[PDB]
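My structure is below; once you've seen it, I'll send some questions.
Chain naming follows the written order as A, B, C, D and E, and within any one chain the residues start at number 1.
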Amino acid sequence: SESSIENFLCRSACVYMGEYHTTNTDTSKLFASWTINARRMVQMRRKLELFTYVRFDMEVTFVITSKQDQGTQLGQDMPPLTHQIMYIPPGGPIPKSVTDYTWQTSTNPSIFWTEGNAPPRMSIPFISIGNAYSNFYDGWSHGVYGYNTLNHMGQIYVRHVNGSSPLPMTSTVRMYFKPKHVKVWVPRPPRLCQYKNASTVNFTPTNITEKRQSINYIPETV
Amino acid sequence: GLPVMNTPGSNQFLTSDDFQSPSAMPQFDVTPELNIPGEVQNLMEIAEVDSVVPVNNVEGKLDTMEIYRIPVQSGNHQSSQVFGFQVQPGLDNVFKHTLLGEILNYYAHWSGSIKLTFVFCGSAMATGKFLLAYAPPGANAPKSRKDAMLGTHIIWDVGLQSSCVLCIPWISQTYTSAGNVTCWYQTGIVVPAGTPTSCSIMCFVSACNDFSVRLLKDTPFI
Amino acid sequence: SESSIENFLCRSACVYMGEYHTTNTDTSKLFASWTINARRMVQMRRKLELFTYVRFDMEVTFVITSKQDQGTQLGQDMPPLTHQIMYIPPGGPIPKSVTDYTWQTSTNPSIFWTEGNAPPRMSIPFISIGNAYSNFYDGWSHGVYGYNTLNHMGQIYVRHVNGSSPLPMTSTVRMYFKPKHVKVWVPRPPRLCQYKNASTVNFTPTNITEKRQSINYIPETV
Amino acid sequence: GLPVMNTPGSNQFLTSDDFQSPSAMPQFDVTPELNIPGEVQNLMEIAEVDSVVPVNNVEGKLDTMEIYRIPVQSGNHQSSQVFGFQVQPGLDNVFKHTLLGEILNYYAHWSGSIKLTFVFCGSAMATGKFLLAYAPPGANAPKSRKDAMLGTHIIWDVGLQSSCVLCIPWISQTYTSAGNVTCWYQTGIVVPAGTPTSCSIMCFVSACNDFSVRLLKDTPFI
Amino acid sequence: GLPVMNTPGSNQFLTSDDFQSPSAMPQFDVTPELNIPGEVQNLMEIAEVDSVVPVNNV
């Protein structure tokens, strides 16, 4: 009952933590971004690799905390801060500044949230023109080995929702991810070697198991 | 309207909660499912499959195919031990990285019965006898061929059968307090002229239908 | 009706209070931890010792308060703080730093919570491969007198959920514990001596009761 | 949707609330219950059991078995007192640490009836008579054997019966305003040649079926 | 009265939520609809119409 597929896979986890400012002199530090896949979380990756094909919905919750920068200026009286969390489907426009037009496109779903309230949450369906996702692909992208374009799942972007000339602030977002209504096909053996990077199956050769003293050795009984 | 009263626990984020969530893409009809062969409902379907045991896990051969081969030597040694181990899946090095061992290491409590199969990989001209013996948990491992005969055992003639099967009934987890299995030369191997002298045995392990697991946890291997 | 077992035992109590920082030079002060048992709360211990075997579910609520350290730096503007509360079942990985991999294992249930909201709460079932818990054990662990491994109930760990280079803060957690759906077996006499430590029944000899003047003495009637 | 209105009391933690809570281990089937002998539904099953009273709680013997023995002396003393006490379970030192006293000290109000048993532990050759007398609450303790005879009493011949029983009907709690019990030598003890001269009496206390308790509180002993 | 318990997600603004809202002009009866020719239920009615291709885009 605890070994069913749902109870084994449907569990929440922190998969990305990022920081972003209201004012800066880099302009890439003004927003945070994440590409959705399940290959940079080493514990979820291994449980997912026991199968060849998967199908699930996604649920994402966001925990967001702010701070005034230790730069100099005190005595402030500020209202609570507002944030915008945008999801981009596969085949959507990507922003490059925080002032871009794509933060207003009608087909990118978006959430507006102010601090002090309950943590925000959105639910994404199975988004693929194929019939399942694949954890393993023995092919070419059209050319990269092992990468097929049916596994695109979208992106998430987060910014502040101030007006003009805002006050300096630093925020941190943590994303909690959970698959739901899961189905799996074609079981596989468990990964025996350590993972080396996030896109390949590359590995250094590993021992089959650890040694004992002799082929007869059994430890003394208590 | 409708007088209402908030209880403790309101506006908290509980990592294991189960609530309905708003969809971010409501106007999107999903790809229907395909009937892919090889669907899985439960992890115990993976543990009920046989896998090869690395019984020869001694020094100098932890990275070769030789780790899987029990050596049967030539000549007359008709009371010596062939092999022996404690039956401890999950904890013991010889069972730890099999398909059954890898599953059990996701759970903090498990119990059931286990199936061991032995197969003789010699030439069709070789004959001889082995004695396969089982000691329960809390008993010492036999020291001679005669006291192994005085317990639970089977006499296996490889000129008649190429394989033997054992089912072990009382398996749980936590100088072990576990049962053990040993193998002894009853006669020695006899061949005609022109056949190879040495040979090998192989072990397969699996779980029987009554296997249960509890308290999903994190695995200690990645 | 007030002497039923449920009304006598099912009551909430503070059993652990701990402190933890966001930055420190000890690295064990960065998180808080507690092992679940009912032997370091002297009032609950005594009511539980009236029986030999117990069975219950657990409910745990957490009250969490923070403070900026009196070190030096003022004028800050901070978002509300996020905390992670992790439960480890029996047979699970234990963290040793706040940056460890075990804070992300898929089988350790976890709660994410931000200040200002209602206090968080989780519910744990009866977790034992035995059929009841025991308050008294006249045996050996396999060797410690009076300690049996079927009484393991898990652990709780709490940390902050910031990003990189956080600001200094100090938090305090209080854990409130409550058993539910309780059943008891084999009543015992009440503890007459004071408790000496948390793992044994050790005691110094005590008087049976206090004295009076003579075996005839009755006080004058009003 | 569904217009809703939060009432006062929302998002508070009340230590005695009763709400459904989310389980942290939903995919875990628990061990089924065993039929252990000796199950308890109510604390009044512990108080209805007899226990030995330390009636001799005078100086010099609060740490010996002698505290439990009422001395019967030899020779002719046929109007002297043997013992006497006020009936005040919960408060009075002689009843305070019994099984009934220890329960009553968990509650702030209680009431019922009480049962006292007396047993003669002398040789089978000894004969004599005792007078057992009961004074109600608000009455003074009798000063002589004759005025104890003029109230409620029983005459107990130990050559015929080895034990006597008393049931006291009006017990409550808060220079006492409680009833009392006294024992007098009616005749003196008579023995043949070759038997021990002195002997002992023992008291047992218990509760009768109509006992009730209210307002669970904390006990004053640990 | 009516014991009640707030869940996570309370008092958040989700940009794609779907809730009943209070009207700011309740005492206002709206103009009834007219039967205008040329109503559309679906964008695929626009794509099923022919249009001229600029094949000579040199």
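Heads up, the rule we're going with is that a contact is a pair of C-beta atoms (placed from the backbone, for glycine too) under 8 Å apart; a residue touches a chain by one contact, two chains touch by 3 or more.
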| item | value |
| --- | --- |
| Comparison of A-B and A-E (more C-beta pairs in contact) | A-B |
| Repeat of the C-D interface, chosen from B-C, A-B or A-D (over half of contact pairs identical by residue number) | A-B |
| Approximate Å spacing (C-alpha centroids) for the pair chain B, chain D | 61 |
| Averaged-CA centre spacing for the pair chain C and chain B, given as whole angstrom | 38 |
| Inter-chain centre distance, chain A versus chain D - centres from mean C-alpha coordinates, in Å | 68 |
| Overlap residues in chain B, where contacts from two or more other chains coincide | 3-17, 21-24, 106-107, 177, 214-216, 218-219, 222 |
| Numbers and ranges of chain A residues touching at least 2 other chains | 2-4, 7-8, 11-12, 42-43, 61, 63, 109, 117-119, 121-122, 176, 222 |
| Of all residues in chain A, those that touch chain C in their complex | 11-14, 17-19, 41-44, 47, 61, 63-70, 72-76, 78, 81, 115-116, 118-119, 167, 169, 171-172, 174, 176, 222 |
| Chain E partner contacts - residues on chain D that touch it in the complex | 1-3, 6-7, 10-11, 19-20 |
| Residue ranges of chain B in contact with chain A within the complex | 11-13, 15-16, 21-25, 28, 30-34, 36-46, 54-59, 62-63, 67, 70, 81, 83-86, 93-94, 96-97, 99, 102-103, 106-107, 138-141, 175-177, 180, 182, 213-216, 218-219, 222 |
| Residue ranges of chain A in contact with chain E within the complex | 61, 109-114, 117-122 |
| Residues of chain D defined as touching chain A within the complex | 26-29 |
